[PDB]
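In the form deposited in one PDB entry, a lone chain appears below as structure tokens.
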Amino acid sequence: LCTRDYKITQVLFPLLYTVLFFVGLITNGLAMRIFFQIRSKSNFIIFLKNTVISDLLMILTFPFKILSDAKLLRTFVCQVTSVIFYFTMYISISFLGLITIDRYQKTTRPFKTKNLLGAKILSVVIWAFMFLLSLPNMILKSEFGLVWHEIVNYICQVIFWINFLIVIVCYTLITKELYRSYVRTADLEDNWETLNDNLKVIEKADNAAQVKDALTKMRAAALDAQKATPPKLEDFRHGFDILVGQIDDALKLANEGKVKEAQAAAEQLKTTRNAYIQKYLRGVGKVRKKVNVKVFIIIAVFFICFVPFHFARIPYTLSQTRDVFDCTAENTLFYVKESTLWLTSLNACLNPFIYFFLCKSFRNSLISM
């Protein structure tokens, strides 16, 4: 009844899925070849191995979509394959949530460092549960089928929204740890450059007020650096007392009056011994964190692919009284659903990027080929 442009409906979208089909088949194709050679020594490799299977199963659905949309039983095959598609996308969402938890657990653990049987069972449970809830939607004109369809769709939304929350919480806790790590390093680097910059002010100063003020900044910066530099586990305690001592010595001289003596007492921080102490103390406090541009690839893939579809569904699932009648609203619903479903399908082409940037043995094998 409602008509749309064939150039978008039967040309653009079948070609848009054709790109994803070949791109997905070649990236996941060589991904399976790489994973078949390397052994599962962690939960991470196991969940990534399962993702390859769900991606390959996803790609195999696209020829049925491409052919149906370009207008080329025919209705039965594009009814079974659509069930296989939604089965395969809620499996990917499920494993991506597990990959997120695993990666977060490794950021909470020390840098560069029993669940292998458990991760295998958990993976079996995901696939078996999805297959079982997909099964009646496949073969099984009954009113049971209508209510079962609403049950399955409800279960699947709860799967997305639970994994969306796991992703938001894990990346909130990661950002928080990365922020506090960056702030600690920046403040400490600021402390040592404040100490060195105010030495230059003292060297070029005239009166006592200039000398007294610069030494006050220096003393506070030295004590802040000390606060941020606790004793090492193996002279870090003594070193700061020597440097703070000299600043206090130059300060008490600047308070008594003598400016040339205070400038020279401050210049003592430039002796080979006092410079070596400063260079050592800078090193002790310079102590590894998780890579920003790398870890955040999961949240980026999750948001690009699955977030638009499930967010767009909210207004269309609690507003219109049964159905809308205006053609301009029916067509905006068609393109919103079709465009977000394509973004969802792009997960099959974007997951090989997770293997590349987060698995070292995968990256080296692909580079060697």
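All residue numbers are counted from 1 along the displayed sequence. By rigid core we mean the largest C-alpha set that fits within 1.5 Å across both forms.
Student: Of the other PDB entries compared that resolve residues on either side of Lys49, does at least a third omit it?
Tutor: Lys49: modelled in every other compared entry.
Student: Is it true that at least a third of the other compared entries have no coordinates for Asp323?
Tutor: yes, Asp323 frequently unmodelled elsewhere, at least a third of entries.
Student: Counting only residues from the deposited sequence, how many are left out of the model between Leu72 and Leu73 (none, 1 to 3, 4 to 9, 10 or more)?
Tutor: The entry has a gap there, with 4 to 9 residues left out between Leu72 and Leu73.
Student: How many residues that are in the deposited sequence but not in the model lie between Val287 and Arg288: none, 1 to 3, 4 to 9, or 10 or more?
Tutor: Just 1 to 3 residues are missing between them.
Student: 179-187 versus 217-225: which one carries the higher mean Cα B factor per the record?
Tutor: Stretch with the higher mean C-alpha B-factor: 179-187.
Student: Would 321-329 or 308-316 have the larger average of its C-alpha temperature factors, as given in the entry?
Tutor: It is 321-329.
Student: When the CA B-factors of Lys270, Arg103, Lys141, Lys200 are compared as recorded in the entry, which is the largest?
Tutor: Highest CA B-factor of the listed options: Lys141.
Student: Would you mind finding, among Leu96, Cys170, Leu281, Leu233, the residue with the largest C-alpha temperature factor in the entry?
Tutor: Among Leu96, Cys170, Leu281, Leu233, the highest C-alpha B-factor in the entry belongs to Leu233.
Student: Considering only modelled residues of the same chain, in which third does the CA B-factor of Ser361 rank: lowest, middle or highest?
Tutor: Highest third.
Student: Tell me, lowest, middle or highest third: where does the Cα B factor of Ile53 rank within its chain?
Tutor: Answer is middle: the recorded C-alpha B-factor places it there.
Student: By the recorded C-alpha temperature factor, relative to the other modelled residues in its chain, which third is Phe85 in?
Tutor: According to the entry, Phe85 has a C-alpha B-factor in the chain's lowest third.
Student: How does the C-alpha B factor of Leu343 compare with the rest of the chain: lowest, middle or highest third?
Tutor: Its C-alpha B-factor, which the entry lists for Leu343, ranks in the lowest third among residues of this chain.
Student: Against its chain's modelled residues, does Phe64's Cα B factor rank lowest, middle or highest third?
Tutor: For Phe64, the deposited C-alpha B-factor lands in the middle third.
The discussion below concerns the form deposited in another entry, not included here.
Student: Superposing on the rigid core, which residue among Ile159, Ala205, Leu178, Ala119 shifts its Cα by at least 2 Å between this form and the one not shown?
Tutor: It is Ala205; the other listed residues stay below 2 Å.
Student: Following rigid core alignment, is the displacement of the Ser134 C-alpha between this form and the one not shown equal to or greater than 2 angstroms?
Tutor: For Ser134, whose C-alpha is compared between this form and the one not shown after core superposition, the shift is less than 2 Å.
Student: Aligning on the rigid core, do we see the C-alpha of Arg322 shift 2 angstroms or more between this form and the one not shown?
Tutor: It does, since the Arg322 C-alpha is displaced 2 Å or more between this form and the one not shown after the core fit.
Student: Determine, after fitting the two forms on their core, whether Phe240 shows a C-alpha shift of 2 Å or more between this form and the one not shown.
Tutor: Yes; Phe240 is a residue whose C-alpha shifts (by 2 Å or more) between this form and the one not shown when the cores are overlaid.
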